[PDB]
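Trainee: See upload.txt below, with compact mmCIF, N, CA and C atoms.
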# COMPACT_ATOMS: atom_id res chain seq x y z
N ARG A 343 3.97 -15.54 13.97
CA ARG A 343 3.39 -15.03 15.21
C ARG A 343 2.30 -14.02 14.88
N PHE A 344 1.12 -14.21 15.46
CA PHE A 344 0.01 -13.29 15.30
C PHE A 344 -0.16 -12.43 16.55
N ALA A 345 -0.91 -11.34 16.40
CA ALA A 345 -1.10 -10.39 17.48
C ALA A 345 -2.08 -10.95 18.51
N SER A 346 -2.35 -10.17 19.54
CA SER A 346 -3.32 -10.55 20.57
C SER A 346 -4.71 -10.06 20.16
N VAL A 347 -5.66 -10.14 21.08
CA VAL A 347 -7.04 -9.79 20.75
C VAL A 347 -7.20 -8.28 20.60
N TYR A 348 -6.97 -7.54 21.69
CA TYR A 348 -7.17 -6.10 21.66
C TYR A 348 -6.08 -5.37 20.90
N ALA A 349 -4.92 -5.99 20.72
CA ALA A 349 -3.83 -5.42 19.94
C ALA A 349 -3.80 -5.98 18.52
N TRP A 350 -4.98 -6.24 17.96
CA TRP A 350 -5.08 -6.83 16.63
C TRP A 350 -4.40 -5.93 15.60
N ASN A 351 -3.36 -6.46 14.96
CA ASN A 351 -2.67 -5.71 13.93
C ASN A 351 -3.55 -5.54 12.69
N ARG A 352 -3.38 -4.42 12.00
CA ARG A 352 -4.15 -4.11 10.81
C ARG A 352 -3.24 -4.16 9.59
N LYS A 353 -3.70 -4.82 8.54
CA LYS A 353 -2.96 -4.91 7.29
C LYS A 353 -3.67 -4.10 6.21
N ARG A 354 -2.88 -3.44 5.37
CA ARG A 354 -3.39 -2.62 4.29
C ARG A 354 -3.06 -3.29 2.96
N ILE A 355 -4.08 -3.49 2.13
CA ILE A 355 -3.93 -4.08 0.81
C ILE A 355 -4.44 -3.08 -0.21
N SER A 356 -3.60 -2.75 -1.19
CA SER A 356 -3.98 -1.77 -2.20
C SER A 356 -3.13 -1.95 -3.44
N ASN A 357 -3.74 -1.70 -4.60
CA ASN A 357 -3.05 -1.67 -5.89
C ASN A 357 -2.33 -2.98 -6.18
N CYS A 358 -3.03 -4.10 -5.99
CA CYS A 358 -2.47 -5.40 -6.31
C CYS A 358 -3.59 -6.35 -6.69
N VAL A 359 -3.22 -7.44 -7.35
CA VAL A 359 -4.18 -8.44 -7.81
C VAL A 359 -4.24 -9.55 -6.78
N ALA A 360 -5.34 -9.61 -6.03
CA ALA A 360 -5.53 -10.66 -5.04
C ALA A 360 -5.82 -11.99 -5.73
N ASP A 361 -5.57 -13.07 -5.00
CA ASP A 361 -5.80 -14.42 -5.51
C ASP A 361 -6.41 -15.27 -4.41
N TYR A 362 -7.69 -15.60 -4.56
CA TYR A 362 -8.39 -16.46 -3.62
C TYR A 362 -8.32 -17.93 -4.01
N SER A 363 -7.60 -18.26 -5.09
CA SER A 363 -7.50 -19.65 -5.52
C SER A 363 -6.78 -20.50 -4.48
N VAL A 364 -5.75 -19.94 -3.83
CA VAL A 364 -5.06 -20.68 -2.78
C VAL A 364 -6.01 -21.00 -1.64
N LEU A 365 -6.93 -20.08 -1.34
CA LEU A 365 -7.95 -20.34 -0.34
C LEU A 365 -8.91 -21.44 -0.77
N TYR A 366 -9.09 -21.62 -2.08
CA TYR A 366 -10.05 -22.57 -2.63
C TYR A 366 -9.40 -23.86 -3.12
N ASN A 367 -8.26 -23.78 -3.79
CA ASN A 367 -7.65 -24.97 -4.38
C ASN A 367 -6.95 -25.84 -3.35
N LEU A 368 -6.35 -25.25 -2.32
CA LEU A 368 -5.54 -26.02 -1.38
C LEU A 368 -6.41 -26.92 -0.52
N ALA A 369 -6.00 -28.19 -0.42
CA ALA A 369 -6.68 -29.13 0.47
C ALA A 369 -6.63 -28.75 1.94
N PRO A 370 -5.50 -28.31 2.52
CA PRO A 370 -5.46 -28.07 3.97
C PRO A 370 -6.45 -27.02 4.47
N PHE A 371 -7.12 -26.28 3.58
CA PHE A 371 -8.15 -25.32 4.00
C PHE A 371 -9.42 -26.09 4.37
N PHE A 372 -9.36 -26.78 5.51
CA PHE A 372 -10.50 -27.54 5.99
C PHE A 372 -11.53 -26.68 6.70
N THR A 373 -11.21 -25.43 7.02
CA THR A 373 -12.11 -24.54 7.73
C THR A 373 -12.26 -23.25 6.92
N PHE A 374 -13.40 -23.12 6.24
CA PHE A 374 -13.74 -21.91 5.51
C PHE A 374 -15.24 -21.68 5.68
N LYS A 375 -15.59 -20.67 6.48
CA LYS A 375 -16.97 -20.43 6.88
C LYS A 375 -17.33 -18.98 6.58
N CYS A 376 -18.29 -18.78 5.68
CA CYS A 376 -18.68 -17.47 5.18
C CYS A 376 -20.20 -17.34 5.15
N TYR A 377 -20.71 -16.18 5.56
CA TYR A 377 -22.12 -15.87 5.31
C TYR A 377 -22.33 -14.55 4.57
N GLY A 378 -21.55 -13.52 4.90
CA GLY A 378 -21.86 -12.19 4.40
C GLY A 378 -21.79 -12.08 2.88
N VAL A 379 -20.79 -12.71 2.27
CA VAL A 379 -20.59 -12.65 0.83
C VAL A 379 -20.53 -14.08 0.29
N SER A 380 -20.66 -14.19 -1.03
CA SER A 380 -20.65 -15.49 -1.68
C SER A 380 -19.25 -16.08 -1.63
N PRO A 381 -19.07 -17.28 -1.05
CA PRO A 381 -17.72 -17.85 -0.97
C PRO A 381 -17.02 -17.98 -2.32
N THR A 382 -17.60 -18.74 -3.24
CA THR A 382 -16.96 -19.01 -4.52
C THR A 382 -17.05 -17.85 -5.50
N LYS A 383 -18.06 -16.98 -5.36
CA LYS A 383 -18.26 -15.87 -6.27
C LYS A 383 -17.53 -14.61 -5.81
N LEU A 384 -16.76 -14.69 -4.72
CA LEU A 384 -15.99 -13.55 -4.26
C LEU A 384 -14.84 -13.20 -5.21
N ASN A 385 -14.47 -14.12 -6.11
CA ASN A 385 -13.38 -13.84 -7.04
C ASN A 385 -13.73 -12.68 -7.96
N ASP A 386 -14.96 -12.64 -8.47
CA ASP A 386 -15.37 -11.60 -9.39
C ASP A 386 -15.76 -10.30 -8.70
N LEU A 387 -15.85 -10.30 -7.37
CA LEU A 387 -16.23 -9.11 -6.62
C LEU A 387 -14.97 -8.34 -6.25
N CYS A 388 -14.93 -7.05 -6.59
CA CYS A 388 -13.78 -6.21 -6.31
C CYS A 388 -14.06 -5.29 -5.13
N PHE A 389 -13.12 -5.25 -4.19
CA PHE A 389 -13.20 -4.38 -3.03
C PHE A 389 -12.34 -3.14 -3.28
N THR A 390 -12.65 -2.06 -2.56
CA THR A 390 -11.81 -0.87 -2.66
C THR A 390 -10.53 -1.01 -1.86
N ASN A 391 -10.56 -1.75 -0.75
CA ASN A 391 -9.37 -2.08 0.02
C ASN A 391 -9.74 -3.15 1.03
N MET B 148 24.67 15.93 5.57
CA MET B 148 24.42 14.60 6.12
C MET B 148 22.94 14.44 6.43
N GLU B 149 22.47 13.20 6.40
CA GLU B 149 21.07 12.88 6.67
C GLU B 149 20.84 12.72 8.17
N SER B 150 21.05 13.82 8.89
CA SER B 150 20.84 13.83 10.33
C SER B 150 19.35 13.86 10.66
N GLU B 151 19.03 13.55 11.92
CA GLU B 151 17.66 13.50 12.42
C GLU B 151 16.82 12.50 11.61
N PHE B 152 17.23 11.24 11.69
CA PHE B 152 16.55 10.15 11.00
C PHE B 152 15.34 9.63 11.75
N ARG B 153 15.11 10.10 12.98
CA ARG B 153 14.00 9.66 13.81
C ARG B 153 13.12 10.85 14.14
N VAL B 154 11.82 10.73 13.85
CA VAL B 154 10.86 11.75 14.22
C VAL B 154 9.87 11.27 15.28
N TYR B 155 9.48 9.99 15.25
CA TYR B 155 8.50 9.44 16.18
C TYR B 155 9.12 8.29 16.96
N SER B 156 8.85 8.26 18.27
CA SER B 156 9.36 7.17 19.10
C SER B 156 8.62 5.87 18.83
N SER B 157 7.32 5.95 18.58
CA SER B 157 6.51 4.78 18.28
C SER B 157 5.49 5.13 17.20
N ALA B 158 5.06 4.11 16.46
CA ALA B 158 4.10 4.28 15.37
C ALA B 158 2.70 4.21 15.97
N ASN B 159 2.02 5.36 16.03
CA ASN B 159 0.69 5.41 16.64
C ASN B 159 -0.39 4.99 15.64
N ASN B 160 -0.52 5.72 14.53
CA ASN B 160 -1.56 5.44 13.55
C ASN B 160 -1.05 5.88 12.18
N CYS B 161 -0.69 4.92 11.35
CA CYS B 161 -0.31 5.15 9.96
C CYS B 161 -1.33 4.48 9.05
N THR B 162 -1.73 5.19 7.99
CA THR B 162 -2.83 4.74 7.14
C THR B 162 -2.37 4.28 5.77
N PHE B 163 -1.64 5.11 5.03
CA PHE B 163 -1.31 4.80 3.65
C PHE B 163 0.20 4.66 3.45
N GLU B 164 0.57 3.72 2.58
CA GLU B 164 1.95 3.49 2.20
C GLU B 164 2.00 3.23 0.70
N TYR B 165 2.96 3.85 0.02
CA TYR B 165 3.10 3.71 -1.42
C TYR B 165 4.55 3.51 -1.83
N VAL B 166 4.75 2.68 -2.84
CA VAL B 166 6.08 2.41 -3.40
C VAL B 166 5.97 2.44 -4.92
N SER B 167 6.97 3.05 -5.56
CA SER B 167 7.03 3.07 -7.02
C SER B 167 8.49 3.06 -7.44
N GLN B 168 8.74 3.46 -8.69
CA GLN B 168 10.10 3.53 -9.19
C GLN B 168 10.82 4.74 -8.60
N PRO B 169 12.14 4.67 -8.47
CA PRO B 169 12.90 5.84 -8.01
C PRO B 169 12.94 6.93 -9.08
N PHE B 170 12.85 8.17 -8.63
CA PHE B 170 12.92 9.30 -9.54
C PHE B 170 14.37 9.58 -9.92
N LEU B 171 14.55 10.51 -10.85
CA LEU B 171 15.88 10.88 -11.33
C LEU B 171 16.58 11.71 -10.25
N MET B 172 17.21 11.00 -9.32
CA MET B 172 17.94 11.64 -8.23
C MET B 172 19.36 11.96 -8.69
N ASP B 173 19.62 13.24 -8.95
CA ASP B 173 20.93 13.70 -9.41
C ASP B 173 21.76 14.06 -8.19
N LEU B 174 22.87 13.34 -8.00
CA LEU B 174 23.74 13.59 -6.86
C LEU B 174 24.44 14.94 -7.00
N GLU B 175 24.50 15.67 -5.89
CA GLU B 175 25.08 17.02 -5.84
C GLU B 175 24.33 17.90 -6.84
N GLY B 176 25.02 18.87 -7.43
CA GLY B 176 24.39 19.75 -8.39
C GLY B 176 25.35 20.83 -8.84
N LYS B 177 24.87 21.64 -9.78
CA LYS B 177 25.66 22.72 -10.35
C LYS B 177 24.83 24.00 -10.37
N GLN B 178 25.47 25.10 -9.99
CA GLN B 178 24.81 26.40 -9.94
C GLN B 178 24.88 27.07 -11.30
N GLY B 179 23.73 27.52 -11.79
CA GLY B 179 23.63 28.09 -13.12
C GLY B 179 23.30 27.05 -14.17
N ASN B 180 22.83 27.53 -15.32
CA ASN B 180 22.39 26.68 -16.42
C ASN B 180 21.37 25.65 -15.92
N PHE B 181 20.22 26.19 -15.49
CA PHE B 181 19.20 25.40 -14.82
C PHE B 181 18.57 24.46 -15.84
N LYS B 182 19.28 23.37 -16.12
CA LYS B 182 18.87 22.44 -17.16
C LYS B 182 17.53 21.79 -16.83
N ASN B 183 17.32 21.45 -15.56
CA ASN B 183 16.12 20.73 -15.15
C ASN B 183 14.91 21.65 -15.24
N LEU B 184 14.01 21.37 -16.18
CA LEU B 184 12.73 22.04 -16.27
C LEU B 184 11.67 21.03 -15.86
N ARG B 185 11.14 21.18 -14.65
CA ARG B 185 10.19 20.22 -14.10
C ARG B 185 8.80 20.84 -14.16
N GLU B 186 7.94 20.31 -15.02
CA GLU B 186 6.57 20.78 -15.16
C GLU B 186 5.63 19.70 -14.66
N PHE B 187 4.82 20.03 -13.66
CA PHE B 187 3.92 19.06 -13.05
C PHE B 187 2.52 19.65 -12.95
N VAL B 188 1.54 18.93 -13.48
CA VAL B 188 0.13 19.27 -13.32
C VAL B 188 -0.44 18.31 -12.30
N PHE B 189 -0.86 18.84 -11.15
CA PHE B 189 -1.44 18.04 -10.08
C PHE B 189 -2.95 18.17 -10.15
N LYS B 190 -3.65 17.05 -10.34
CA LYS B 190 -5.10 17.07 -10.40
C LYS B 190 -5.66 16.03 -9.44
N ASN B 191 -6.90 16.25 -9.02
CA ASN B 191 -7.62 15.29 -8.18
C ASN B 191 -9.04 15.17 -8.72
N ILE B 192 -9.30 14.10 -9.46
CA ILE B 192 -10.59 13.86 -10.08
C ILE B 192 -11.16 12.57 -9.51
N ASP B 193 -12.41 12.65 -9.02
CA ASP B 193 -13.16 11.59 -8.35
C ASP B 193 -12.26 10.64 -7.56
N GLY B 194 -11.50 11.18 -6.62
CA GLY B 194 -10.62 10.40 -5.75
C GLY B 194 -9.24 10.15 -6.31
N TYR B 195 -9.15 9.85 -7.60
CA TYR B 195 -7.86 9.63 -8.24
C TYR B 195 -7.02 10.89 -8.19
N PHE B 196 -5.78 10.74 -7.72
CA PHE B 196 -4.80 11.82 -7.69
C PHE B 196 -3.83 11.60 -8.85
Would you write out, as structure tokens, the structure that this file holds?

Mentor:
Amino acid sequence: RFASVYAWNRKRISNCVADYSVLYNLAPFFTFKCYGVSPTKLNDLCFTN
Amino acid sequence: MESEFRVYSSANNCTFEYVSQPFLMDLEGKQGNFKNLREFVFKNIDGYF
């Protein structure tokens, strides 16, 4: 169950190794639309949170 | 006893959460012969605590 529009829940991610391979390797990901950052090159880009 | 387990009725705005290993929690205690010498240097350098 996900939240509503104005009650959008916020998640905090810190001090862990993220993995975007599931976003890329899995076939059922038929919808992946990105402009701001490089889709495939986001693996090497590190965020602060 | 661990009375007053509730401080807030609802969670308004929480930002940071951290989990690590449990510290050396010594149950009860003894008066005199203060064996525990706890020396802690707290520093904050370029964001890192």

Trainee: With only C-alpha atoms counted and 10 Å as the cut-off, give the residues of chain A in contact with chain B, each with its shortest interatomic distance in Å and the pair that gives it, as a tab-separated table.

Mentor:
residue	atom	partner	partner_atom	distance
A:352	CA	B:162	CA	9.7
A:353	CA	B:162	CA	9.7
A:354	CA	B:163	CA	7.7
A:355	CA	B:163	CA	9.7
A:356	CA	B:165	CA	9.0
A:357	CA	B:165	CA	9.3

Trainee: What's the separation between atom N of residue 170 in chain B and atom N of residue 152 in chain B, in Å to one decimal place?

Mentor: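 Going from atom N of residue 170 in chain B over to atom N of residue 152 in chain B covers 21.0 Å.
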
Trainee: In chain A, what's helix (DSSP H, G or I) per DSSP? Answer as a list in words?

Mentor: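 Selecting the helix (DSSP H, G or I) positions of chain A gives residues 363, 364, 365, 366, 367, 382, 383, 384 and 385 of chain A.
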
Trainee: Box in all listed atoms of range 165-168 of chain B, axis-aligned, with 6 Å more on each side; write out centre and edge lengths in Å to one decimal as AutoDock Vina command-line options.

Mentor:
--center_x 6.9 --center_y 3.6 --center_z -4.6 --size_x 19.9 --size_y 14.3 --size_z 21.2

Trainee: Atom C of residue 186 in chain B to CA of residue 166 in chain B: how many Å, to one decimal?

Mentor: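 Interatomic distance here is 20.6 Å.
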